[PDB]
Amino acid sequence: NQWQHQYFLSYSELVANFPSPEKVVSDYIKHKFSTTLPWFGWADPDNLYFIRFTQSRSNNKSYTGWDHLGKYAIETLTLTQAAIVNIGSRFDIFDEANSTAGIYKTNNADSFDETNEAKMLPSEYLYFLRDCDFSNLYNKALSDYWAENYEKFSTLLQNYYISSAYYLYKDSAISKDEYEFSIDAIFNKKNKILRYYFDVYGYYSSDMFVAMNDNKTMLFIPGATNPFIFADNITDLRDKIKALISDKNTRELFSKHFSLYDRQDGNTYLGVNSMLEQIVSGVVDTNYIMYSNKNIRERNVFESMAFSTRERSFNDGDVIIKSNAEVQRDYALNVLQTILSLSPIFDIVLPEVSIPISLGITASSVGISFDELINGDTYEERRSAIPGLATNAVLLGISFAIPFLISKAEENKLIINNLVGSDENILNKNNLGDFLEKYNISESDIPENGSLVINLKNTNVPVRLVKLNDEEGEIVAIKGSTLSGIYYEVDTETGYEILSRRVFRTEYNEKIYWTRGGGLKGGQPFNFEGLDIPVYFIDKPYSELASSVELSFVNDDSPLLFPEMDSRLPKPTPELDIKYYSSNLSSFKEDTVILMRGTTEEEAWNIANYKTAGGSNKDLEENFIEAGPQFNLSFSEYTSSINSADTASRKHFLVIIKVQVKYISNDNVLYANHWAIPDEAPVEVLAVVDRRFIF
């Protein structure tokens, strides 16, 4: 079979290539020690230790003028760790820190003095840290990672759904009605099924979703023992949920499916965790579950689950870099919570292959847990060996967990790349004849301007045969992606999507066209030209542009909004002006503000066509209150940040809007330059840019 093996390989390649904050900060410090500050180039920030003491003693021979005893040492961190935990907070005056702290070439020493000192003043290091923005650094890392692996993640998620459903049906854990419901619920061709984001009091889950019809209701929740939970209707589901999160441990595990921001309470409105405690307590009606019921506009639910998980990684990362004081040990793992939840429930089997359960990643009813990796005594040896953990909990995930999981993932991927291959596609110059003879088909059976479906003998996996219009009628086998108009060639023996080799489906004048080279401009479904948008164009990356500066090659990013925003585009309303117009709302209730947002293809089309913030047809309401949360009212969130806009629009679409202030709501203090707006609210769609870069 081995289809399993290709799945695990991709899963491993995802975790292996994920940005570890420790590694990113280390490299950046070496970059600035190589260029901006060459006199420190000798310094390895992962084997030099910033140490803070209570006891101080004069020394005419040291670099600080002081020596210290280890017995009286309060904190012990690597230069990388120190930069991550905003060590500058520990000192009101920098030049004073040299009296109580120092940089040393070891962590274990009775006496910390000139013989183990390092020729760097804490003050120098702190003044260096002030000039650095590690949050922006990790953001650029996450943007590059997603640019490279977004489709890998989406496709893997789709195949995880399929495989878990099939395995459960074979074990007799779900009905065929339930299996049919689950599979049909992806694209919803017959529209016989309703799909909603899973929300709680207007706080939306990153990876969960709900699909229900008058017949049955299902909730998909990744990483649980049973990914899909069925119920006769919405209310039996609500009661099942309340019973499951009746456990404090299980309740926190379920909350791990929400952004760190949404999980914490706000100034005026509450957060997720507290709301769930009150639900089990009974204060909450229990109808507050699925309270917003935001409709899912995209065709494949995994496209939506992917972008939300993507935006959550960005935000969880922003928090983890900014605020890490007095936090839980699992904090930093949230970026990977969703990805690691894709461990296959089916067995795999291979030699010396580390499996999440052998790595402290156990399965539960509401997702995955790390308690064995964090507090389990199995790894307490490794954990105790690492410094800084005793006083900064977050490091458990940064300095121990993330690198451990990534290293074991690399081991796995190297093993499997030896064992298994990636490409077994149709060349047409050979194997085409043998293949068709296997499947009793012929060119006449493959319709021109059409597609032909097959089930593979090995796995019984669907496959699409087509003739290419650009490559001289060459025949290829492909499969649907999570993206509209995008198919991937497949391994003829297993049916696994080959993400490198892609094909584009286009419709025009009742004629279908397939292309390997690039999409055809003017696709009938999502054709924006016909709409009234004033500014619509395809963004061109640095390779198309003739600047030919350093890294001229890059084809995933554009200078559209950075450093200088494009002239063809409207400038965004500054954040302070928006906070003013909202606080003194009486005067500017009807005044307008310009916002940016990174959205999908279908979201931007629904916005420009229906002229609503969230792509909704429904009439808004009467009285136009827009004063906080309201039953069965859904919101989409925009931004004033050029940075966040560029980051969220890369490899996707940008949407700019004019909106009246009477609708925007900003509930949370930390999430700056961002605003929530009802979906049914009206807007003036000013611009739309395609940053898919498909030449």
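All Cβ positions, even for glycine, are placed from backbone atoms using ideal geometry, and neighbour counts span all protein chains on display. Basis: the model, the stated rules and, where named, an outside source; nothing here is a laboratory result.
Being free of Cβ contacts under 8 Å to residues at least 40 places away in the same chain and more than 26 Å from the chain's Cα centre (by Cα) is the filter here, so list the residues in the range 543-565 that pass it.
If the condition is that a residue be free of Cβ contacts under 8 Å to residues at least 40 places away in the same chain and more than 26 Å from the chain's Cα centre (by Cα), then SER543, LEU545, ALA546, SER547, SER548, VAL549, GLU550, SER552, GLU564 are the ones that fit.
Within the range 230-279, track down each residue that is buried (at least 18 other Cβ atoms within 10 Å of the Cβ) and among the β-branched types (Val, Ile, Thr).
The answer is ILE241, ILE245, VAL272, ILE279.
Please go through the range 47-63 and pick out each residue that is touching a helix residue (DSSP H, G or I) at 6+ places or on another chain (Cβ under 7 Å), assigned to a loop (DSSP other than H, G, I, E, B) and either of a type in the set (A, V, I, L, M, F, W, C) or surrounded by fewer than 17 Cβ atoms within 10 Å (Cβ to Cβ) (or both).
Selection gives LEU48 alone.
In the range 85-106, which residue that is aromatic (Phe, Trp, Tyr) and farther than 22 Å from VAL327 by Cα is surrounded by the fewest Cβ atoms within 10 Å (Cβ to Cβ)?
Checked the range 85-106; the qualifying residue surrounded by the fewest Cβ atoms within 10 Å (Cβ to Cβ) is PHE94.
Give just the number: which of (1) closer than 24 Å to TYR7 by Cβ; (2) surrounded by 16 or more Cβ atoms within 10 Å (Cβ to Cβ); (3) of a type in the set (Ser, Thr, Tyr); (4) without any contact (Cβ under 8 Å) to a residue 40 or more places away in the chain does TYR379 not satisfy?
Of the numbered conditions (1) closer than 24 Å to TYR7 by Cβ; (2) surrounded by 16 or more Cβ atoms within 10 Å (Cβ to Cβ); (3) of a type in the set (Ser, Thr, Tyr); (4) without any contact (Cβ under 8 Å) to a residue 40 or more places away in the chain, the odd one out for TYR379 is (1).
Test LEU561 against the stated conditions and say whether it is touching a helix residue (DSSP H, G or I) at 6+ places or on another chain (Cβ under 6 Å) and in a loop (DSSP other than H, G, I, E, B).
Yes, satisfied.
Give me the strands (runs of 3 or more DSSP E) completely within the range 64-115, filtered to those with at least 2 residues that are under 21 Å from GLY41 (Cα atoms) and of a type outside the set (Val, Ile, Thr), ordered by residue number.
Here the list reads 101-104.
Could you name every one of the helices (runs of 4 or more DSSP H) located completely within the range 365-427 that has at least 1 residues being over 23 Å from the mean Cα position of the chain (by Cα) and within 26 Å of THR250 (Cβ to Cβ)?
Output list reads 371-374, 380-385.
Hey, which of the strands (runs of 3 or more DSSP E) in the range 596-695, taking only ones fully inside, have at least 2 residues that are of a type in the set (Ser, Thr, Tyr) and within 22 Å of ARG297 (Cα to Cα)?
635-639
Pull out all pairs, ordered by first then second residue, where Cβ-Cβ is under 6 Å, the residues are six or more apart or on different chains, the first lies in the range 607-625 and is touching a residue at least 40 places away in the same chain (Cβ under 8 Å), and the second is surrounded by 21 or more Cβ atoms within 10 Å (Cβ to Cβ) and hydroxyl-bearing (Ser, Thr, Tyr).
The qualifying pairs are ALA613/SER636; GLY614/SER636.
Do we have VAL463 as among the hydrophobic types (A, V, I, L, M, F, W, C), part of a strand (DSSP E or B), closer than 19 Å to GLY421 by Cβ and touching a strand residue (DSSP E or B) at 6+ places or on another chain (Cβ under 7 Å) here?
yes
So is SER644 among the hydroxyl-bearing types (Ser, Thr, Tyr), touching a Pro at 6+ places or on another chain (Cβ under 8 Å) and either buried (at least 20 other Cβ atoms within 10 Å of the Cβ) or farther than 27 Å from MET565 by Cα (or both) or not?
So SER644 fails the test.
Take the residues in the range 27-76 that are of a type in the set (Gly, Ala, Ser) and under 45 Å from the mean Cα position of the chain (by Cα); name whichever of them is nearest to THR100 (Cα to Cα).
So, considering only residues that are of a type in the set (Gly, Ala, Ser) and under 45 Å from the mean Cα position of the chain (by Cα), the one nearest to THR100 (Cα to Cα) is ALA73.
Does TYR291 meet the test of being part of a loop (DSSP other than H, G, I, E, B), in contact (Cβ under 8 Å) with a residue 40 or more places away in the chain and over 19 Å from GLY614 (Cβ atoms)?
no
Report the residue count in the range 251-277 for those that are under 26 Å from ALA363 (Cβ atoms), in contact with a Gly (Cβ under 9 Å, 6 or more places away or on another chain) and not aromatic (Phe, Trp, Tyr).
5
Which members of the range 504-540 meet the condition of being over 21 Å from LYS467 (Cβ atoms) and of a type in the set (S, T, N, Q)?
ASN527
Being of a type in the set (A, V, I, L, M, F, W, C) and either buried (at least 16 other Cβ atoms within 10 Å of the Cβ) or over 27 Å from the mean Cα position of the chain (by Cα) (or both) is the filter here; which residues of the range 148-172 pass it?
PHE153, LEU156, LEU157, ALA165, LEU168
If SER308 passes every condition in (1) surrounded by fewer than 23 Cβ atoms within 10 Å (Cβ to Cβ); (2) closer than 20 Å to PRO21 by Cβ but one, which one does it miss?
(2) is the only condition that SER308 fails.
Could you list all residues from the range 187-214 that are under 30 Å from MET275 (Cα atoms), in a loop (DSSP other than H, G, I, E, B) and in contact with a helix residue (DSSP H, G or I) (Cβ under 8 Å, 6 or more places away or on another chain)?
The answer is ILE193, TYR201, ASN213.
Is it true that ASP285 is within 30 Å of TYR179 (Cβ to Cβ), over 25 Å from the mean Cα position of the chain (by Cα) and surrounded by fewer than 18 Cβ atoms within 10 Å (Cβ to Cβ)?
It is false that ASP285 is within 30 Å of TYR179 (Cβ to Cβ), over 25 Å from the mean Cα position of the chain (by Cα) and surrounded by fewer than 18 Cβ atoms within 10 Å (Cβ to Cβ).
Test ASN643 against the stated conditions and say whether it is assigned by TED's automatic domain parsing to the domain that holds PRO570, in contact with a helix residue (DSSP H, G or I) (Cβ under 9 Å, 6 or more places away or on another chain) and without any contact (Cβ under 8 Å) to a residue 40 or more places away in the chain.
Against the criterion (assigned by TED's automatic domain parsing to the domain that holds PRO570, in contact with a helix residue (DSSP H, G or I) (Cβ under 9 Å, 6 or more places away or on another chain) and without any contact (Cβ under 8 Å) to a residue 40 or more places away in the chain), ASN643 does not qualify.
Tell me, please, whether a residue that is among the aromatic types (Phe, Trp, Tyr) and part of a loop (DSSP other than H, G, I, E, B) can be found in the range 343-354.
The answer is yes, given that some residue of the range 343-354 is among the aromatic types (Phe, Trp, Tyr) and part of a loop (DSSP other than H, G, I, E, B).
Taking interchain pairs and intrachain pairs at least six residues apart, which have beta carbon atoms under 6 angstrom, with the first residue in the range 653-678 and assigned by TED's automatic domain parsing to the domain that holds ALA627 and touching a residue at least 24 places away in the same chain (Cβ under 8 Å) and the second assigned to a loop (DSSP other than H, G, I, E, B) and among the hydrophobic types (A, V, I, L, M, F, W, C)?
Note: pairs meeting the criteria are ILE657/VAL683; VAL659/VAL683; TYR663/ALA681; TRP675/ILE664; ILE677/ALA613; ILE677/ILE664; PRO678/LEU633.
Going through the range 151-187 one residue at a time, which ones are in contact with a strand residue (DSSP E or B) (Cβ under 7 Å, 6 or more places away or on another chain) and acidic (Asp, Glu)?
Matches in the range 151-187: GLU151, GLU178.
Go through (1) touching a residue at least 24 places away in the same chain (Cβ under 8 Å); (2) within 15 Å of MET290 (Cα to Cα) for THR235 and report which single condition fails.
(1)
What single numbered condition from (1) in a loop (DSSP other than H, G, I, E, B); (2) under 28 Å from the mean Cα position of the chain (by Cα) fails to hold for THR492?
Going through (1) in a loop (DSSP other than H, G, I, E, B); (2) under 28 Å from the mean Cα position of the chain (by Cα) one by one, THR492 breaks only (2).
Regarding the range 173-188, can at least one residue be identified that is surrounded by 22 or more Cβ atoms within 10 Å (Cβ to Cβ) and not hydroxyl-bearing (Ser, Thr, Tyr)?
Among the residues of the range 173-188, at least one is surrounded by 22 or more Cβ atoms within 10 Å (Cβ to Cβ) and not hydroxyl-bearing (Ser, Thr, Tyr), which makes the answer yes.
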